[PDB]
Amino acid sequence: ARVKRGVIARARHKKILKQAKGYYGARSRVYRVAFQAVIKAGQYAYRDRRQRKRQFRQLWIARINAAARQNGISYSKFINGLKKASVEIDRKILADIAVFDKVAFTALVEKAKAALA
Amino acid sequence: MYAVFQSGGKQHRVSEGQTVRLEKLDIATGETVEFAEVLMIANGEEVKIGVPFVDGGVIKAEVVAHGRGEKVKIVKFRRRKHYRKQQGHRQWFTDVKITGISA
Amino acid sequence: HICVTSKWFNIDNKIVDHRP
Amino acid sequence: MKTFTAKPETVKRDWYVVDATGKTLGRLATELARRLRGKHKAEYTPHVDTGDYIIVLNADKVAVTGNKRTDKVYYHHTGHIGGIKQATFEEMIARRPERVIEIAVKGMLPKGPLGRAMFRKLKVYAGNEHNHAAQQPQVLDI
Amino acid sequence: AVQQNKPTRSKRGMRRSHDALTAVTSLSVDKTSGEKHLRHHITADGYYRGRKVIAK
Amino acid sequence: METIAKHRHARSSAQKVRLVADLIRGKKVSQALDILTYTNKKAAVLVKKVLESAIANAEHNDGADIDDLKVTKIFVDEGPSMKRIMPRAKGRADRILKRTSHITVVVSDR
RNA sequence: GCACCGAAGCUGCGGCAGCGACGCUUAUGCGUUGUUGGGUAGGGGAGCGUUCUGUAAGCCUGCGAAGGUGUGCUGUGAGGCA
RNA sequence: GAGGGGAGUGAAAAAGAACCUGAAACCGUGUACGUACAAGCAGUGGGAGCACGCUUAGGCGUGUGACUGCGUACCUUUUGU
Ligand SMILES: N[C@@H](Cc1c[nH]c2ccccc12)C(=O)O
Ligand SMILES: N[C@@H](Cc1c[nH]c2ccccc12)C(=O)O
Ligand SMILES: [Mg+2]
Ligand SMILES: [Mg+2]
Ligand SMILES: [Mg+2]
Ligand SMILES: [Mg+2]
Ligand SMILES: [Mg+2]
Ligand SMILES: [Mg+2]
Ligand SMILES: [Mg+2]
Ligand SMILES: [Mg+2]
Ligand SMILES: [Mg+2]
Ligand SMILES: [Mg+2]
Ligand SMILES: [Mg+2]
């Protein structure tokens, strides 16, 4: 039983080129080149799903920090406060409030300062 | 008027009427859920949580359908070592609307 | 076409001995 | 919901004046660089200039520590033949003093495209007054 | 001396940024006969600056 | 009316034909004829014959009125190429492609 | 000496799979629950799809088959359906 | 002349003889967006603006991708690329 092949083949190939849409030159034209481009994109992603959680945390911590300093206290002391502020737990992102509600923040800073007194 | 609450092993800042995506809850599609673990509420002045959680705090919301996220492609590849596996994954969610915020 | 005769030599030729 | 992002179309900025005089170069730079990058706000946006315009006076009177004043190197290359020119700190202050601070913070602002852009917000005047009245620059210490 | 990599389709185009042609604009009309012609050149009919030189 | 004309399997490369085409894209037909007329390239004569054939088409087959008539769309796609052989020496064969082009002129008025 | 930053380590929330036990209940599958799941040579297990025979004088199909090109959905994937 | 545009035949001419289907490399025309102070496997995580659809807004889909974190292709062969 001889097997035509080749209808399933371009299925495999187009399956890849489609994933390469947008890439420069051969990376989006030429399978042999695309199949690589497609893989490494995947590789970075899998990596950068883990990086994303790193990048944002330090994004948050960066701006948590200025606002803390803005209310006259370093990030160091300020998290230690909230920690010691009779237990109490609260995301570093959720300190979102540092950008959108600055009184609420300052308010959080005081509560923290008090525990440190 | 906003408040924040823990639910996904993860917190969220919410105003009422605001829809929000959460890790899956085991609550039927139309029912109503209360979140007692609320970490802060805010008006003109605000109650942060002495210990975690504010005493009178409870955020009320009805679930508004369950679903599965956009497929993500797990790619694993080890060059020059004759190894690779590619794996797809979707991840469940349940969407709640928020109607509570009992300050 | 008619167009079809290739008698490609041998390398080409000149030089090389590349220190022994 | 995605956390916030500064947007170039709507950043604040504001101007300032700083007096180099006795202040020690670099300990100064630090704050310039920090304020230049916006790292004291919703900086919260690596990919956006969120810093303030800030101008520096009396760069010539900037202070140094150690024997730095006669021993700090400052090298650069002309890209030519064998053109490794150098100039000591004092030598620098002597001819275009504003340079000393300029390069000193340029080195502390980030890397590439954006970085270069941040540096444009710093006006470094050798002397005492400055022709920027129009920006109504507000003084600040440190 | 030969390339080590295929120059791209892009690079090719670039090189040709200057290969493009210019029109004329300086096409001008004879004062006697109608006649468009290149400036300082005889017309199709043999007029140039009004006068008829060349019978051909 | 779009009304188009064209020259298939013209002997020229396309790269060459383009350059002459590019001078004409978008002009009032009237100007193009003059432009082509004083453009010293074989591809000019080619493109002209096509443009002319196009006008006469537009004229005799559709509306006409050449005066309000512009070359709105013109392109040249590369045609099939005639393979030949010549030899540079030592028997060592050289393909040489006598390349051809498909000139196309669309002359409308809107 | 007390902070804090910091990893795909630990924990938290959701999910899959193998092996356990305990409870619901056994031509089993649930619910917990403890635990395990980097990997070349290589061993073991389970699968997708292609061509062709039967099933098939059935079934789909000019009210549009195969192939080609898009789009939506779906599966852990090879894929599938529309 | 070559070649072409009409007309006409035909279910079909986009079946016109270089003729069923007509993929891919490769080459153009058109439009959207980016691009002339910027340095590297060209993607990936973030991400404004613009064009477009949405939705009644609601930081939504599609296309592009300033700026930005990270980031030296594949196979083979190797102690190791
Ligand atoms: N130059 C030849 C090497 C060579 C030297 N002597 C020759 C004699 C015959 C053919 C080739 C050679 C090459 O390119 O390989
Ligand atoms: N080996 C010498 C001479 C040489 C030229 N072609 C050769 C071929 C074979 C042997 C020697 C030679 C050189 O390259 O300068
Ligand atoms: Mg982590
Ligand atoms: Mg001979
Ligand atoms: Mg693995
Ligand atoms: Mg078949
Ligand atoms: Mg055909
Ligand atoms: Mg620029
Ligand atoms: Mg470069
Ligand atoms: Mg560099
Ligand atoms: Mg070796
Ligand atoms: Mg080995
Ligand atoms: Mg290596």
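Residues numbered from 1 in each chain as written, not as in the entry; some residues may be left out. Chains lettered and ligands numbered in written order. Part of a larger assembly, values for the part shown. Heavy atoms only, no water.

Looking at the PDB entry, one finds chain F named 50S RIBOSOMAL PROTEIN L22, with Escherichia coli as its source organism. In the PDB, the entry goes by the title "Molecular basis for the ribosome functioning as a L-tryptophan sensor - Cryo-EM structure of a TnaC stalled E.coli ribosome".

Chain E goes by 50S RIBOSOMAL PROTEIN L32 in the PDB entry, where it is assigned to Escherichia coli.

### Considering the site of ligand 1
All names here are of chain C. Around ligand 1 sit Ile11, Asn13, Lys14, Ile15 and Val16, and those are all the residues in its vicinity. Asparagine 13 has a polar backbone atom sitting 3.1 Å from a nitrogen atom of ligand 1. Here ligand 1 loses 52% of its free accessible area of 370 Å² to cover by the protein chains. (Near = heavy atom within 4 Å. Polar contact = N/O pair within 3.5 Å; in protein donor to acceptor, adjacent residues only side chain to side chain. Areas by Shrake-Rupley, 256 points an atom, 1.4 Å probe, with all protein chains shown as cover.)

### Points about the layout of surface pockets
The gaps of empty space that remain are located by a probe, the size of a water molecule, rolled over the atoms. There is about 670 Å³ of room inside the second largest pocket. Together, 28 residues line the second largest pocket, and A:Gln70, A:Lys102, D:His40, D:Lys41 and D:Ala42 are the ones closest to its centre. Listing elements by their share of the lining of the second largest pocket, those giving two or more residues are α3 (31–70), α5 (97–100) and α6 (102–116) of chain A together with α1 (27–37) of chain D. Tallying contributions element by element places α3(A) first for the lining of the second largest pocket, with 5 residues. Here the lining of the second largest pocket is built from residues that sort into 10 nonpolar, 7 polar and 11 charged. (1 Å grid on protein atoms, 1.4 Å probe; cavity = no way out; pocket = protein on both sides within 12 Å on 5 of 7 lines; lining within 4 Å. Points joined across faces, edges and corners; volume = space filled by probe spheres on them. Helix = DSSP H or I, 4+ residues; strand = E, 2+ residues; numbered from the N terminus. Nonpolar A, V, L, I, M, F, W, Y, C, P; charged D, E, K, R; others polar.)

### Considerations on a positive patch on the surface
Taken together, the side chains of A:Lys40, A:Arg50, A:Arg52, A:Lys53, B:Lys76, B:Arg78, B:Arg79, B:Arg80, B:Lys81 and B:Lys85 make up a positively charged region of the molecular surface. Going through the elements one at a time, α3 of chain A together with β8 (72–78) of chain B are the ones with two or more residues in the positive patch. Here the positive patch takes 4 residues from α3(A), the largest share from any one element. For B:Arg79, the location among the structural elements is in the loop between β8 and β9 (83–89). What makes B:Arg79 exposed here is its relative accessible area of 57%. (Patch = residues over 30% accessible without salt bridge, like charges linked within 9 Å, V, L, I, M, F, W, Y side chains within 5 Å. Salt bridge = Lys/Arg side-chain N within 4 Å of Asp/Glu carboxyl O. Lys, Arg positive; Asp, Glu negative; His and termini not counted. Charge placed at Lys NZ, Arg CZ, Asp CG, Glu CD. Buried < 20%, exposed > 50% of the residue type's maximum accessible area, 1.4 Å probe, protein only.)

### A word on the interface of chain F and chain E
Each partner contributes residues to the interface: chain F has 7 residues there, and chain E has 10 residues. Overall, the association of chain F and chain E removes approximately 780 Å² of surface from exposure, summing both partners, and the carbon and sulfur fraction of that is 69%. Between F:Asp34 and E:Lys36 there is a salt bridge, and its shortest N-O distance comes to 2.9 Å. When the residues that make up the side of chain F that touches chain E are grouped by side-chain class, the tally is 4 nonpolar, 1 polar and 2 charged. (Contact = heavy atoms within 4.5 Å. Buried area = accessible area lost by both parts, 1.4 Å probe.)

### Let's talk about the site of ligand 2
Residue and element names in this part refer to chain C. Taken together, the residues surrounding ligand 2 are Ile15, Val16 and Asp17. Within the backbone of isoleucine 15, an N or O atom sits 3.3 Å from a nitrogen atom of ligand 2. Contacts to ligand 2 include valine 16, whose backbone N or O atom sits 3.1 Å from an oxygen atom. Across the complex, the protein chains shield 38% of the 360 Å² of accessible surface that ligand 2 would expose by itself.

### Quick notes on the protein's contact with RNA strand H
Taken together, 50 residues are adjacent to RNA strand H, and A:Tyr44, A:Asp48, B:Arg79, E:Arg9 and F:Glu78 come closest. Restricting the count to atoms of RNA strand H within 4 Å of the protein gives a sugar and phosphate share of 76%. One of the side-chain nitrogen or oxygen atoms of A:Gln36 is found 2.9 Å away from a base nitrogen of RNA strand H. One nitrogen or oxygen atom from the side chain of B:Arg80 is found 3.0 Å from a phosphate oxygen belonging to RNA strand H. The element contributing the most residues to the surface near RNA strand H is α3(A), with 11 residues. In terms of residue class, the surface near RNA strand H is made up of 15 nonpolar, 11 polar and 24 charged.

### Some words on the arrangement of the chains
No other pair among the 5 pairs of chains in contact exceeds the contact count of chains A and B. At the level of C-alpha atoms, the two units chain B and chain C stay apart, their nearest approach being 34 Å. Taking C-alpha atoms as the reference, chain D and chain E come no closer than 25 Å and do not contact one another.

### Here's the deal with the nonpolar core
With 42 residues, the main nonpolar core has A:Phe78, A:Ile97, A:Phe105, B:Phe5, B:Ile59, B:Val96 and B:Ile98 as its most contacted residues. Judged by nonpolar contacts, the second largest core, of 29 residues, contains F:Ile24, F:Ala43, F:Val47 and F:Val105. (Core = buried A, V, L, I, M, F, W, Y, C linked by side-chain atoms within 4.5 Å.)

### Section: the sheet that holds strand β2 (residues 54–57) of chain D
Residue and element names in this part refer to chain D. Ordered in space as β5-β2-β1-β6, the 4 strands form an open sheet in which the pairing is parallel. Both outer strands of the open sheet, β5 (122–123) and β6 (138–139), are each paired with one neighbouring strand and no more. Across 2 bridges, the pairing between strand β1 (residues 16–19) and β6 is parallel. Looking across to β6, one finds that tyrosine 16 is bridged to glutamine 138. (Pairing = 2+ DSSP bridges.)

### Describing the side chain of D:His132
One can find D:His132 in the loop between β5 and β6. Leave out the neighbours within four places in its chain, and D:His132 touches D:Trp15, D:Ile55, D:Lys123, D:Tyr125 and D:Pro137.

### Describing the interface of chain A and chain B
Listed by partner, the interface residues are 23 residues for chain A and 20 residues for chain B. Interface area, chain A with chain B, both sides summed: about 2000 Å², of which 59% is carbon and sulfur. It is A:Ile89, A:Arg91 and A:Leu94 that lose the most area in chain A upon contact with chain B, and together they represent 22% of the buried surface on that side. At the junction of chain A and chain B, the tally comes to 1 salt bridge. We note a salt bridge from B:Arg13 to A:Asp96, for which the minimum N-O separation is 3.2 Å. In this assembly, chain A and chain B are joined by 5 residue pairs in polar contact. Mapped onto the side of chain A that touches chain B, the elements with two or more residues apiece are α3, α5 and α6 of chain A. Of the residues forming the side of chain A that touches chain B, the biggest block, 6 residues, is contributed by α3(A). When its residues are assigned to classes, the side of chain A that touches chain B shows 12 nonpolar, 4 polar and 7 charged.

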